[PDB]
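Next come the chains, spelled out residue by residue.
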Amino acid sequence: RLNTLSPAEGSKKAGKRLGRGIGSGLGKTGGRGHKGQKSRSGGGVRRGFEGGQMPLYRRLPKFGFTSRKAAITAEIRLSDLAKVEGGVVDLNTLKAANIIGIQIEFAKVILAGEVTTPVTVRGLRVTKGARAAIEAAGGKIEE
Amino acid sequence: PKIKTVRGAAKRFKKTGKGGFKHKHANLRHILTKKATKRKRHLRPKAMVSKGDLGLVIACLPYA
Amino acid sequence: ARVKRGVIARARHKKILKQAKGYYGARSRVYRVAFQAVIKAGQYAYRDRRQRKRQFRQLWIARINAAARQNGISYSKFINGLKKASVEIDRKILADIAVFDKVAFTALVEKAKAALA
Amino acid sequence: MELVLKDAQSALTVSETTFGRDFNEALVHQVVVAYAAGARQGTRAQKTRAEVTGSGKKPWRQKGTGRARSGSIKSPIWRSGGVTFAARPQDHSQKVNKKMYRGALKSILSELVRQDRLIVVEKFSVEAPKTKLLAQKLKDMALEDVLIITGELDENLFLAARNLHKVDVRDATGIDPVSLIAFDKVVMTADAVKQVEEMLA
RNA sequence: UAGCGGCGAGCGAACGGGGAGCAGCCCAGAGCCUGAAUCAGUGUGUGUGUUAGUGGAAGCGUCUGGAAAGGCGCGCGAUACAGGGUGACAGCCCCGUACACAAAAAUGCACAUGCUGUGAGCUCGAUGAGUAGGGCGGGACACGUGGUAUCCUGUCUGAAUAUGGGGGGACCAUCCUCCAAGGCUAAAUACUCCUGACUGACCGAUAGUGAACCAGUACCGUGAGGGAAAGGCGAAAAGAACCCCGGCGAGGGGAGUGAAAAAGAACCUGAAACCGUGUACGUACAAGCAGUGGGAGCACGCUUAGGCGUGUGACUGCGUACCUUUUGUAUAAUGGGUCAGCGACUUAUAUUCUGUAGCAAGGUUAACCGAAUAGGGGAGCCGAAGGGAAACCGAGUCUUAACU
Ligand SMILES: [Mg+2]
Ligand SMILES: [Mg+2]
Ligand SMILES: [Mg+2]
Ligand SMILES: [Mg+2]
Ligand SMILES: [Mg+2]
Ligand SMILES: [Mg+2]
Ligand SMILES: [Mg+2]
Ligand SMILES: [Mg+2]
Ligand SMILES: [Mg+2]
Ligand SMILES: [Mg+2]
Ligand SMILES: [Mg+2]
Ligand SMILES: [Mg+2]
Ligand SMILES: [Mg+2]
Ligand SMILES: [Mg+2]
Ligand SMILES: [Mg+2]
Ligand SMILES: [Mg+2]
Ligand SMILES: [Mg+2]
Ligand SMILES: [Mg+2]
Ligand SMILES: [Mg+2]
Ligand SMILES: [Mg+2]
Ligand SMILES: [Mg+2]
Ligand SMILES: [Mg+2]
Ligand SMILES: [Mg+2]
Ligand SMILES: [Mg+2]
Ligand SMILES: [Mg+2]
Ligand SMILES: [Mg+2]
Ligand SMILES: [Mg+2]
Ligand SMILES: [Mg+2]
Ligand SMILES: [Mg+2]
Ligand SMILES: [Mg+2]
Ligand SMILES: [Mg+2]
Ligand SMILES: [Mg+2]
Ligand SMILES: [Mg+2]
Ligand SMILES: [Mg+2]
Ligand SMILES: [Mg+2]
Ligand SMILES: [Mg+2]
Ligand SMILES: [Mg+2]
Ligand SMILES: [Mg+2]
Ligand SMILES: [Mg+2]
Ligand SMILES: [Mg+2]
């Protein structure tokens, strides 16, 4: 029987229709109020416009720059470190396992999660905690 | 279409770990001779955005 | 999916005009005038379901005053005597006794007087 | 799971997680609604205020006359052309998660098996494409309205009862939840059941 | 996103990755070698379309009915139950549909081949100057002259010639990579005046195209130009012979046709405002949003009630419309002559939150392919780690010579 399936309770609701009678609760002016710019079609002030007063994003100064090198430097999580699927942990091996990003030239091993495989790491910088974890798990780092 | 961020606010605010925003204090650009060293030292660090301004900051920065 | 209205709009107007029967002039012919007549009729009906109690109580009180003064006592003293007569519980609406059975009403008056005396 | 064969009174083994499990009514309802919306095409109409034949000339001057304020012959308020919120052709297809589709299908199959609307046989074909043969066989099997799915891709069977409305025949790969829920009873063929199991599961 | 920007409003890439599609060749010159490739333009042969077409299965009885296709009973076809018509809804009444066939004559698209023009390949050469670049003024590159690379040129100038020259975002050196100032080139891509078939949770005569109808018409304007209204008898005209009143009128009453004439041309259905005829009650000494509560009498259908219901409403208490805008409106503030029809919070794409469903440190695909709502595709995107302007460090990091 096809005419037997029904949606889960609370999964669907009608919503609201403005300007349909008094009983609906949104008649006449539908959630608009009386007069003013907030009413009317296409009304309302632009984004971040707090009146004619100088806005927050303009009364505060600028600072900093973009390194152009942080965008080419990833960090690998010590948790998995297994998607390499055998062999050593290399930059190209990480790229092959979709864990780093093709347009990446520097990676950090970091201490996050846990590792148990004794696989080694080559040509990657390792934090002190990550190094300790790898050596405890029986790995090796290409000093 | 995509929402276009306010580039003026993108270089004014930066997002923090718990969703807050950090910004640089004002009154530290010029005419600094008559300002107290205590005042300038307290202004030198960076502060967080207040409760009332978070709505405007988030509206300006949708992709931050 | 274009909705053509018509049938339901006619049904609502028919309902209102059916309720607006018996009214003079356009109040029973024109929907715009008739609709205002029905709402005012409802308002007046609501207010008078309340005013009815007051009107009938007033009529009963005047009635009891007339009968009690016929028997030789005012309404206030008659009510006070009935109240004091061993908390005798009788009724303002039951003042149809004063219309139908006169001897019963004078019997009531006799012990109202006795209680006051 | 064990499915009792019909033609040979034998038994066959199938995956429990596939052919038996709780029936997720909300999930199957979402998938069915999405499938129904998939067929729904657009092709709408109602040229709007701008693209209505006419002129930009103002019907009459702003002031000095007792008439209301008019600015265009194409106004939506006027008896002439003009529709406030016109309709453009649009797509109604939904996304439906890939795992959600398989889950809904598994639930449908489990419900069919549990309600005994699913039958399984070894072979099912007609030696000739005559509709009479298929009608006679279905009458003998007592199947007034049925969906038949196989993996053989038999053109003779396809031709037989090609337009017979109560009977539908389709390949094991072209199964859909709407057909599975619509047809009164479903008839499989050993090979088909394997192919589904190896797919759905 | 990087950037540009009265660094305001706003504008907005590229590198790189995944796909659709796959095609490379000539001149700046003659020696050989050859007439050789691959093309264009024309004949013939073969194949397949187009421009008329042919065949194309299977039902009877009975009831209601004006009429059977409907109900009841019993049969047959189906590679044909797409669709339309026929006196109400037909697989088997008709046209068709599935399927299988068909061209005298003229043409399209691919192949083979005859012939005309162009030519093949090898060695050796050559290698686009008022050009590149530059000064001045502009324009285009996401890039508004800014520290501004690169492209084009109105004006004035002006190189080198494989040992040479251009680029790599001011500029110099090293390195890498290409070879301007001569040309041609299919596919993937854009669109529909027009032709055929099919489709629609598109409209159904104030809708849909302006125009379902002899519509770009009537009509308006000197002209450019603007621009309507207007669909439906019945199955079949069987469209009312004949008689009567009437001006040998208009109009009507009979008769007749028809299932229906109250389907009669101004013809399906026939609502509302608005205007009439008849019946019941009230109304000519009574003052106002015309109702509402009480309520006599009168007139009509019933009852085991008489005083139950319906119509009217003498008399009587209370009672100054609606909407909008306002501190506040009976207000003498705005709007509405009335009826019918139409008429105003929508759609697309992004982003945040709530509910609900799937999956669970993972979730999910986009284009595209596809036996096309399946399956493949993980390019990507979000999350699991933050601090700092950044290098950088990292469950820590920043500040500071360093922090309790
Ligand atoms: Mg409210
Ligand atoms: Mg208003
Ligand atoms: Mg105001
Ligand atoms: Mg307001
Ligand atoms: Mg507007
Ligand atoms: Mg100002
Ligand atoms: Mg990736
Ligand atoms: Mg400074
Ligand atoms: Mg409709
Ligand atoms: Mg009436
Ligand atoms: Mg229109
Ligand atoms: Mg898919
Ligand atoms: Mg024929
Ligand atoms: Mg035939
Ligand atoms: Mg019959
Ligand atoms: Mg009929
Ligand atoms: Mg130049
Ligand atoms: Mg220059
Ligand atoms: Mg140059
Ligand atoms: Mg350069
Ligand atoms: Mg450089
Ligand atoms: Mg050159
Ligand atoms: Mg029209
Ligand atoms: Mg009509
Ligand atoms: Mg004229
Ligand atoms: Mg006549
Ligand atoms: Mg009809
Ligand atoms: Mg009529
Ligand atoms: Mg009428
Ligand atoms: Mg008098
Ligand atoms: Mg009188
Ligand atoms: Mg008067
Ligand atoms: Mg009064
Ligand atoms: Mg005022
Ligand atoms: Mg007042
Ligand atoms: Mg006043
Ligand atoms: Mg007024
Ligand atoms: Mg006004
Ligand atoms: Mg007025
Ligand atoms: Mg970080």
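Residues numbered from 1 in each chain as written, not as in the entry; some residues may be left out. Chains lettered and ligands numbered in written order. Part of a larger assembly, values for the part shown. Heavy atoms only, no water.

The name the PDB entry assigns to chain D is 50S ribosomal protein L4, from the organism Escherichia coli. Of chain D, the UniProt comment under Subunit reads exactly: "Part of the 50S ribosomal subunit." Recorded in UniProt under Sequence similarities, the annotation for chain D is "Belongs to the universal ribosomal protein uL4 family." (UniProt positions renumbered as here; feature names shortened; annotations may be inferred.)

Going by the annotation in the PDB entry, the name recorded for chain B is 50S ribosomal protein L35, with Escherichia coli given as the source organism.

Further remarks concern the interface of chain B and chain A. Counting residues at the interface gives 22 residues for chain B, matched by 11 residues for chain A. Each partner contributes to the roughly 1,500 Å² buried at the junction of chain B and chain A, and carbon and sulfur atoms together form 67% of this total. Sorting the residues of chain B by area buried against chain A places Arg12, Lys24 and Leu56 of chain B first, and these three jointly supply 35% of that buried surface. On inspection of chain B and its partner chain A, the count reaches zero salt bridges. The interface formed by chain B and chain A contains four residue pairs in polar contact. Counting residues per element, the ones that place at least two in the side of chain B that touches chain A are helix 1 (7–10), strand 2 (21–24) and helix 3 (51–60) of chain B. No other element matches helix 3 of chain B, which puts five residues into the side of chain B that touches chain A. Looking at the side of chain B that touches chain A residue by residue, the classes come out as 10 nonpolar, three polar and nine charged. (Contact = heavy atoms within 4.5 Å. Buried area = accessible area lost by both parts, 1.4 Å probe. Salt bridge = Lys/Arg side-chain N within 4 Å of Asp/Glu carboxyl O. Polar contact = N/O pair within 3.5 Å; in protein donor to acceptor, adjacent residues only side chain to side chain. Helix = DSSP H or I, 4+ residues; strand = E, 2+ residues; numbered from the N terminus. Nonpolar A, V, L, I, M, F, W, Y, C, P; charged D, E, K, R; others polar.)

Take the packing of aromatic side chains next. Within the structure shown, the criterion is met by four aromatic pairs over all chains. Ring centres of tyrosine 31 of chain C and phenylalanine 35 of chain C lie 6.0 Å apart, and the angle between their planes is 40°; on these two criteria the pair is classed as tilted. Note that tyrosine 31 of chain C and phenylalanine 35 of chain C are positioned in helix 2 (residues 31–71) at a spacing of four residues, about one turn of the helix. Here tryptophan 60 of chain D and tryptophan 78 of chain D contribute two aromatic rings whose centre-to-centre distance is 5.7 Å and whose plane-to-plane angle is 25°, an arrangement assigned as stacked. (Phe/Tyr/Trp six-rings, centres within 6.5 Å; stacked < 30°, edge-to-face > 60°.)

Turning next to the environment of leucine 28 of chain B. Residue and element names in this part refer to chain B. Along the polypeptide, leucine 28 turns up in the loop between strand 2 and helix 2 (37–43). Linking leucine 28 and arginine 39, residues 11 residues apart in sequence, is a C-alpha distance of 9.6 Å. Apart from the residues lying within four places of it in its own chain, the contact partners of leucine 28 are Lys40, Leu43 and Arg44.

A word on the arrangement of the chains. The top pair by number of contacts, from a total of two pairs of chains in contact, is chains A and B. For chain B and chain C, which are not in contact, the least C-alpha distance works out to 29 Å. Over all C-alpha pairs, chain B and chain D never come within contact, reaching a minimum spacing of 17 Å.

At the interface, seven residues of chain A touch nine residues of chain D. Taken over both partners, the interface formed by chain A and chain D buries close to 670 Å², and the fraction arising from carbon and sulfur atoms is 69%. Of all residues in chain A, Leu2, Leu5 and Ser6 of chain A bury the most surface against chain D, accounting for 69% of the area lost on that side. Between chain A and chain D we count zero salt bridges in total. For the pair chain A and chain D, the interface holds one residue pair in polar contact.

This part is about the pattern of salt bridges. Pairs can form between side chains of opposite charge whenever their charged atoms are close. Residues and elements named next belong to chain A. In this structure the tally under the stated criterion is 11 salt bridges over all chains. For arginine 131, the salt bridge identified is with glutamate 143, shortest N-O distance 3.5 Å. Residue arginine 131 is found in helix 3 (residues 128–137), and its partner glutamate 143 is found in the segment after helix 3; the two are separated by 12 residues along the sequence. A residue is classified by how much of its surface remains accessible, and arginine 131, at 29% relative accessible area, is partly exposed. (Buried < 20%, exposed > 50% of the residue type's maximum accessible area, 1.4 Å probe, protein only.)

With that out of the way, let us pick up the protein's contact with RNA strand E. Near RNA strand E, the surroundings consist of 106 residues, among which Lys128 of chain A, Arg7 of chain B, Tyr44 and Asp48 of chain C together with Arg79 of chain D are the closest. Taken together, the sugar and phosphate atoms account for 75% of what RNA strand E places within 4 Å of the protein. Between RNA strand E and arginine 20 of chain A there is a distance of 2.8 Å, counted from a phosphate oxygen to a side-chain nitrogen or oxygen. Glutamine 36 of chain C places a polar side-chain atom, nitrogen or oxygen, 3.0 Å from a base nitrogen of RNA strand E. When residues in the surface near RNA strand E are grouped by element, the largest group, 13 residues, is from helix 2 of chain C. Considered class by class, the residues forming the surface near RNA strand E number 34 nonpolar, 30 polar and 42 charged. (Near = heavy atom within 4 Å.)

Residues and elements named next belong to chain D. Structurally, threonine 189 can be placed in the loop between strand 6 (185–187) and helix 7 (190–200). The class for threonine 189 is buried, based on a relative accessible area of 5%. When neighbours within four sequence positions are excluded, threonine 189 is seen to be in contact with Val121, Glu122, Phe124, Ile149, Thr150 and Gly151.

Attention now goes to unusual backbone geometry. At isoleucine 110 of chain A, a position not held by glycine, the phi torsion is positive, near 55°. Positionally, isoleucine 110 of chain A belongs in the loop between strand 2 (106–108) and helix 3. On the basis of relative accessibility, which here comes to 29%, the residue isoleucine 110 of chain A falls in the partly exposed class. At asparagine 27 of chain B, a residue that is not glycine, the phi angle is positive and equals roughly 65°. Considering the arrangement of structural elements, one finds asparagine 27 of chain B in the loop between strand 2 and helix 2.

This next bit is on the sheet that holds strand 1 (residues 14–15) of chain B. Residue and element names in this part refer to chain B. Taken in spatial order, the three strands line up as 1-2-3 in an open sheet, and their pairing is antiparallel. On the outer flanks of this sheet lie strand 1 and strand 3 (46–48), each paired with one strand and no other. Bridge count for strand 1 against strand 2 is two bridges, and the pairing is antiparallel. Residue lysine 14 lies in a different strand from strand 2, and its bridge partner there is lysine 22. (Pairing = 2+ DSSP bridges.)

Residues and elements named next belong to chain B. With burial as the criterion, only one face of strand 2 is covered, namely that bearing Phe21 and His23; the residues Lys22 and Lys24 on the opposite face remain uncovered. Hairpin connection between strand 1 and strand 2: a loop of five residues separates the two successive antiparallel strands, and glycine 19 in this loop has a positive phi of roughly 90°. In this structure, strand 2 lies alongside strand 3, joined through three bridges in antiparallel fashion. Its bridge partner being in strand 3, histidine 23 is matched across the sheet by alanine 47.

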